[PDB]
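Presented below, as structure tokens, is a lone chain in the form deposited in one PDB entry.
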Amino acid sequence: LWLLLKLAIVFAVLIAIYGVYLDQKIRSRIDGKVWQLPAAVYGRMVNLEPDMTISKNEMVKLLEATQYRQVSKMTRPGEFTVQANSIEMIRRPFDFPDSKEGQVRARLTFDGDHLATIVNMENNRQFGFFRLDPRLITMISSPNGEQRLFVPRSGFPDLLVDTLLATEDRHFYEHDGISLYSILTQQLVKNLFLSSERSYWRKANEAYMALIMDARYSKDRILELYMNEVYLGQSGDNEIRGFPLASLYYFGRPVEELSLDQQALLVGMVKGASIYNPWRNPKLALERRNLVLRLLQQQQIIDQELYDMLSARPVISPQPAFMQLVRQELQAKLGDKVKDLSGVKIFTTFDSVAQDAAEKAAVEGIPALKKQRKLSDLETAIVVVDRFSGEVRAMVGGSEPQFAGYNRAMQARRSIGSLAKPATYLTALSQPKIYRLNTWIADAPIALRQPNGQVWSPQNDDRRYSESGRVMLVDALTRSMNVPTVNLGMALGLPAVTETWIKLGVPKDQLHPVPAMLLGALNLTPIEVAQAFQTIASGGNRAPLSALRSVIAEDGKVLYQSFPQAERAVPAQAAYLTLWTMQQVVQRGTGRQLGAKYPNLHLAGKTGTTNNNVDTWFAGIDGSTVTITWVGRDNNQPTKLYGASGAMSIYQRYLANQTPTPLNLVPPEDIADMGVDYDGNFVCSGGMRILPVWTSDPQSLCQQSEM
């Protein structure tokens, strides 16, 4: 009869109303916050410029460390191309915080060791500084547990857009034809509001909700949202969503630079990225990469591309240690208002090339080390900071870094052994009308009154004593002698030596000013050691070690900016002399093994050893950084190592795993290279040893030329 109308309407209206209802949250979600985006974690941005001392090879190592790819002939961003005396590159487009930049084509030209020229191949013009984009290290854990990197619509290559369509073609604004199922289109609606599981509660709600979307929204944007939602793997308990990140994750390339062969694979996995997870079961994953490629038009080749698809080897939690520092320095410098922020861009101090040289030095170094000496176990921690700024370049905290749970770079305090010796010599040499490099120190049997029964009788490594009964300031440190060290530190005063430590920048509640301290009764963590030697390397300026450079909000508002905050802790002339002496340590003295392999870096270094070598060390200073190397057993059992030669051969490795800048040591004012005689008295002309004296006048020389 009728009713099909008075119900038709009583069937209408309720479609709407509820329609209008679920036409309101569909709006009042997409408009404002659409997700909870984690913080991107970025490394250092390098700034190239003429006369920079970076080699061509050095540069190559750099570009690849930063995601660029050596090609035969360029074609898109992220690519470079090597010549005899130059590199041509398409500097990929990145959103720099001083000025968003776009892709740039540049030929870096080198003259011998130093980059000579950087030119824009557009205007055949020169740059004065040329910026290099940062590498994405990781993404701070999403509290939502859902990790994304959001790239706007433009950030998606046409083909990618296309090849995505070529599997669920975009219709009109409905659905229709596609539903030729004989037993869908944009399904963004599905995993954005809808839950689980199967229909018909779902599909019904999905479609209605879909044509609501499509309608009161742009047939474009729909795919800006879509291409940022789809699921493409896990990295622990975090999801991996959107294409932008997938590229990095699987292929380590901006989503903007996918070769269509890969580019199509990501499109394929959309059907079930867990059963497609390219590492877990590749065979299957490869096939899906083909049903896509193998698809009618476009146009010539299903052959070329079908050959191999790299997809590097996984990242669960890269850089667990450095990240620990960052994580820490954030909390300190901001408070809590941050883990509740969306799309933040943390720019750190991390150096890709350094981390690699080091991680490679460890994982390779220690096993090779255990081999020669056997040793059922062994461990290391490495720390590289910037000589002058104190910015932390690289941080290894274990024999296996990409595997870290415990972080020996930060949370393993250990006896610094002979590594303590310089604090004394520095404390003396900061006179300098009292103690000079040529100053005689007694080398004779020490026995000290221990304020609790015992009597301290320190001794030399070989236990001997100079037949002279004395030895010069220089040598004593150069060879890292005990007796003449205690002798000196004790004449300086423990309190005195103690504040130098305070000034170099070590934890205050670690100094206990008993004599042992002098020979290394002092338990620091490598990070802290790093800090001390930093302070001396820098010319005597305490720059507090720092992992952060900035931290920008989704918009562009700086939320924190790390400004230079170095401080004058000890006289330059003193620091100089300690270093120049340490240069001796590395060529003439204990670290002589290193002066040999790299005689041209003229490193300054100190050797670190403990009783029975339960803690070995080496502190190294090239022209541009400080590199603290620790080797020792987790259980403090003695290493059986040949002294500081354990830590020294890790460093040596790291030293060769990359290209160090040489330490060319410009002296402060009031530094005079004078000659001493054999009895070590200063002489006017001649001399047989020349030493850097700190004086505002060599009438010193003429005083020495009588008395």
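Rigid core: the largest C-alpha set superposing within 1.5 Å between the two forms. Start at 1 and count along the sequence shown; that's the residue number.
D158 coordinate gap across at least a third of other entries = That residue is present in all of the other compared entries.
Answer yes if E391 is missing coordinates in at least a third of the other compared entries, and no if every one of them models it.
-> No; none of the other entries leave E391 out.
Classify the number of deposited-sequence residues missing from the model between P507 and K508: none, 1 to 3, 4 to 9, or 10 or more.
-> Unmodelled stretch: none, continuous chain.
As stated in the PDB record, which stretch has the larger average Cα B-factor, 95-103 or 168-176?
-> Per the deposited B-factors, the answer is 168-176.
As stated in the PDB record, which stretch has the larger average Cα B-factor, 667-675 or 28-36?
-> Higher mean C-alpha B-factor in the PDB entry: 28-36.
When the CA B-factors of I87, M323, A532, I275 are compared as recorded in the entry, which is the largest?
-> When the deposited C-alpha B-factors of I87, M323, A532, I275 are compared, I275 is largest.
Out of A420, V514, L310, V486, which shows the largest CA B-factor listed in the entry?
-> Highest C-alpha B-factor among the listed residues goes to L310.
Of the three thirds of its chain by CA temperature factor, lowest, middle or highest, which one includes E287?
-> Highest third - that is where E287 ends up once the chain's C-alpha B-factors are sorted.
Chain-relative CA temperature factor third for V693 | Answer is lowest: the recorded C-alpha B-factor places it there.
Compare the C-alpha B factor of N281 with those of the other modelled residues in its chain, then answer lowest, middle or highest third.
-> Top third by C-alpha B-factor.
So where's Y576 on the chain's Cα temperature factor ranking, which third?
-> CA B-factor rank for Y576: lowest third.
Pull the Cα B-factor of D237 out of the PDB entry and bin it into the chain's lowest, middle or highest third.
-> As the PDB entry reports it, the C-alpha B-factor of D237 lands in the highest third of its chain.
Beyond the structure shown, there is the form deposited in another entry, which is absent from this document and is the topic of what follows.
Upon rigid core superposition, which of the listed residues (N85, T117, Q593, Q298) is displaced by 2 angstroms or more at its Cα between this form and the one not shown?
-> Everything else stays below 2 Å; the exception is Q298.
Could you check whether the CA atom of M309 moves 2 Å or more between this form and the one not shown, using the rigid core for the fit?
-> Shift of 2 Å or more: yes.
Establish whether a shift of 2 Å or more occurs at the C-alpha of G643 between this form and the one not shown, with the two forms superposed on the rigid core.
-> Yes, its C-alpha moves 2 Å or more.
Closer or farther: how do the CA atoms of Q300 and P282 lie in that other deposited form, compared with the form shown, if the change is at least 3 Å?
-> Distance between the C-alphas of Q300 and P282: longer in that other deposited form, by 3 Å or more.
Closer or farther: C-alpha pair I301/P282 in that other deposited form, relative to this form, given a change of 3 Å or more | Those two alpha carbons end up farther apart in that other deposited form.
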